[PDB]
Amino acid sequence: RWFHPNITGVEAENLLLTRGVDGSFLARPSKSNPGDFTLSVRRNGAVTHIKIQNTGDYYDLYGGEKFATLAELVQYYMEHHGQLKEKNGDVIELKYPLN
């Protein structure tokens, strides 16, 4: 249950900062793209947000590996800890689903 249909970006930061640990993550509805999803991830005591693209033919992170479903995208990044990297090259790790 990393998938939280009910909450906003702000509420996701609050949840991760108070009930999560570094590595905690969840997925939630995107505000800036109605109908789409976003990952909210805690690292070093702060929260980063990562938009998930759904083109209708696959899901991806606006780049990188393509997936048929959102659960398979989440699974792949929980299994491949080095593959999710910033512009400046630091890794964002999806370690612990926040249920």
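In case it trips you up, residue 1 is the first one in the sequence shown, and so on. In this text, the rigid core denotes the largest set of C-alpha atoms whose superposition between the two forms falls within 1.5 Å.
Farther-lying stretch by C-alpha RMS in 6 other deposited structures of this protein (rigid core fit) among 67-75, 29-37: With the rigid core fitted, 29-37 is the stretch that strays more in 6 other deposited structures of this protein.
Farther-lying stretch by C-alpha RMS in 6 other deposited structures of this protein (rigid core fit) among 85-93, 5-13: The more displaced stretch in 6 other deposited structures of this protein turns out to be 85-93.
Comparing 62-70 with 33-41, the one whose average Cα B-factor in the PDB entry is higher: Comparing 33-41 with 62-70, the higher mean C-alpha B-factor belongs to 33-41.
Which of 7-15 and 21-29 has higher mean CA B factor, as the PDB entry lists it: Looking at the recorded C-alpha B-factors, 7-15 comes out higher on average.
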